[PDB]
Amino acid sequence: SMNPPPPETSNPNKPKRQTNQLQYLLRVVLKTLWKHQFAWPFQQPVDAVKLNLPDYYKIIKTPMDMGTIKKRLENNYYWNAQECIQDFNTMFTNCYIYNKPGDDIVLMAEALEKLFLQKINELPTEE
Ligand SMILES: COc1ccccc1Oc1nccc(-c2c(-c3ccc(F)cc3)ncn2C2CCNCC2)n1
Ligand SMILES: [Cl-]
């Protein structure tokens with residue numbers, strides 16, 4: 001089945017702001033996750049056509065990936081850090097819903113998620 005368009009990453013009509021926490025989410029969290037050895041399947045939308053997963057977008061109706069998150073952060077798409085954190089969590093959750101526990105892709109997600117949680121533990125206070 002066709003892939004859907006990727007998630008919106010820029011909205012001219014949606015107010016913008018920079019905060020310490022959003023800067024940290026881009027320059028620390030996204031950066032560190034991106035460089036992880038297991039990051040590659042998470043760096044762009046799931047290409048269900050290429051991967052021959054005709055049921056992927058029948059099951060997953062709230063897709064997310066780190067390529068989209070990088071753009072949202074760069075485009076100052078988020079008003080607050082919680083919106084961005086939610087996107088990371090959605091990305092991991094989708095992986096867990098579609099796949100079986102113990103599958104390689106799930107172990108990979110779990111490694112990134114642990115790293116993610118470690119980094120959000122050190123989220124700066126919104127000074
Ligand atoms: C470990 O990745 C792969 C393994 C074998 C073949 C291709 C692979 O690449 C890949 N790229 C993007 C997504 C996925 C993926 C996701 C996926 C990845 C990220 C995400 F956020 C959500 C789902 N869920 C399942 N898969 C594959 C499908 C083929 N059989 C092995 C798992 N795999
Ligand atoms: Cl596996």
Side-chain angles (χ1 to χ4, degrees):
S1 175
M2 289 174 60
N3 293 320
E8 178 170 30
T9 57
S10 180
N11 195 322
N13 208 48
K14 179 182 183 167
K16 304 172 168 46
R17 78 185 170 161
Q18 299 177 61
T19 71
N20 283 340
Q21 293 175 328
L22 286 167
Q23 185 166 335
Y24 177 85
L25 277 159
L26 180 56
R27 301 207 65 139
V28 175
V29 181
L30 185 286
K31 180 182 172 176
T32 301
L33 265 57
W34 195 275
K35 290 177 169 197
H36 196 274
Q37 61 266 38
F38 291 160
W40 49 279
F42 303 90
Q43 286 173 344
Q44 61 287 306
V46 175
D47 190 340
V49 170
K50 178 188 161 181
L51 299 169
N52 189 29
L53 309 175
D55 65 346
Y56 189 81
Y57 290 106
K58 301 181 182 297
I59 296 175
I60 301 299
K61 302 301 187 179
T62 307
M64 186 52 53
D65 62 278
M66 296 201 298
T68 298
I69 295 169
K70 178 177 182 295
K71 295 177 185 174
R72 284 175 169 201
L73 285 163
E74 295 163 341
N75 299 342
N76 301 118
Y77 178 91
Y78 301 118
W79 184 258
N80 62 51
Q82 185 52 37
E83 288 175 344
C84 177
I85 294 163
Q86 180 179 14
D87 278 351
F88 276 104
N89 283 332
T90 294
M91 179 185 77
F92 298 124
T93 297
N94 290 332
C95 189
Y96 303 146
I97 290 167
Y98 185 74
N99 296 285
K100 213 176 180 187
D103 280 356
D104 290 330
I105 191 68
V106 172
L107 297 174
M108 297 169 75
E110 284 180 343
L112 299 167
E113 187 183 10
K114 281 184 249 280
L115 217 200
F116 172 72
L117 293 174
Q118 290 168 351
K119 292 308 187 185
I120 54 164
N121 280 348
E122 306 193 312
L123 196 68
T125 63
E126 191 185 80
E127 182 186 347

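Just so it is clear, the values below take in all heavy atoms, side chains as well, and ignore hydrogens, waters and symmetry mates. Residue numbers count from 1 along this sequence.
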In a table with atom names and distances, give each donor-acceptor pair under 3.5 Å that connects a side chain of residues 30-40 to protein atoms at least two apart or in another chain.
from: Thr32; atom 1: OG1; to: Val28; atom 2: O; distance (Å): 2.6
from: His36; atom 1: ND1; to: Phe38; atom 2: N; distance (Å): 3.0

Considering only residues two or more places apart or on different chains, which pairs with a residue in residues 104-127 satisfy salt bridge (charged side-chain N to carboxylate O under 4.0 Å, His left out)?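 Residue pairs with at least one partner in residues 104-127: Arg17-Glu126.
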Going by salt bridge (charged side-chain N to carboxylate O under 4.0 Å, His left out), name the pairs with one or both residues in residues 70-82, residues two or more places apart or in two chains.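 Qualifying pairs: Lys70-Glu74, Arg72-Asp87.
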Could you go step by step and tell me if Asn80 and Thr19 meet the side-chain contact (heavy atoms from CB on, under 4.5 Å) rule? CA-CA 8 Å; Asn80 62 51; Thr19 71; over 6 Å; no
Within one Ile-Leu-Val-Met-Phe-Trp-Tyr cluster: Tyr24 and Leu117, side-chain cutoff 4.5 Å: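 Yes.
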Are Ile97 and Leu51 connected in a single hydrophobic cluster, I mean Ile/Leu/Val/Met/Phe/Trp/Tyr linked by side-chain heavy atoms less than 4.5 Å apart?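 Yes, it is one cluster - the side chains of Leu51 and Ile97 are joined through contacts under 4.5 Å.
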List the atom pairs, donor and acceptor, that lie under 3.5 Å between side-chain atoms in residues 52-69 and the rest of the protein, sequence neighbours left out.
from: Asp55; atom 1: OD1; to: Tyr98; atom 2: OH; distance (Å): 2.7
from: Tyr57; atom 1: OH; to: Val46; atom 2: O; distance (Å): 2.7
from: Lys61; atom 1: NZ; to: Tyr57; atom 2: O; distance (Å): 2.8
from: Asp65; atom 1: OD1; to: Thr68; atom 2: OG1; distance (Å): 2.7
from: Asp65; atom 1: OD2; to: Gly67; atom 2: N; distance (Å): 2.8
from: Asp65; atom 1: OD2; to: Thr68; atom 2: N; distance (Å): 2.9
from: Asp65; atom 1: OD2; to: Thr68; atom 2: OG1; distance (Å): 3.4

side-chain hydrogen bond (donor to acceptor under 3.5 Å, both in side chains) between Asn11 and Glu8, worked out: CA-CA 8 Å; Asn11 195 322; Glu8 178 170 30; 3.1 Å; yes
Atom pair [atom1] ([X]) and [atom2] ([Y]), whose distance is rounded to the nearest 0.5 Å:
X      : Y      : atom1 : atom2 : result
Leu112 : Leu107 : CG    : CG    : 11.0 Å
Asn76  : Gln23  : CG    : CD    : 10.0 Å
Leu73  : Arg27  : CG    : CZ    : 12.0 Å
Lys16  : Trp79  : NZ    : CH2   : 10.5 Å

Would you say that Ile105 contacts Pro41 through its side chain, given a criterion of any heavy-atom pair below 4.5 Å between the two side chains?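 Yes, their side chains come closer than 4.5 Å.
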How close do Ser10 and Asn75 get, heavy atom to heavy atom, and via which atoms?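 Result for this residue pair: CB-ND2, 3.8 Å.
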Of all heavy-atom pairs between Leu25 and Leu123, which one has the smallest distance, and what is that distance?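 Heavy atoms only, the tightest pair is CG-CD1, 4.4 Å.
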Check step by step if side-chain contact (heavy atoms from CB on, under 4.5 Å) holds for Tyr77 and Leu22. CA-CA 10 Å; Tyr77 178 91; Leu22 286 167; over 6 Å; no
With sequence neighbours excluded, what pairs up with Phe88 under the ring pair (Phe, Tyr, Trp, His ring centres under 6.0 Å) test?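 Ring pair (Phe, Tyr, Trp, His ring centres under 6.0 Å) check on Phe88 returns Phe116.
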Could you list the residues that satisfy ring pair (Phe, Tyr, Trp, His ring centres under 6.0 Å) with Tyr96, not counting sequence neighbours?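 None.
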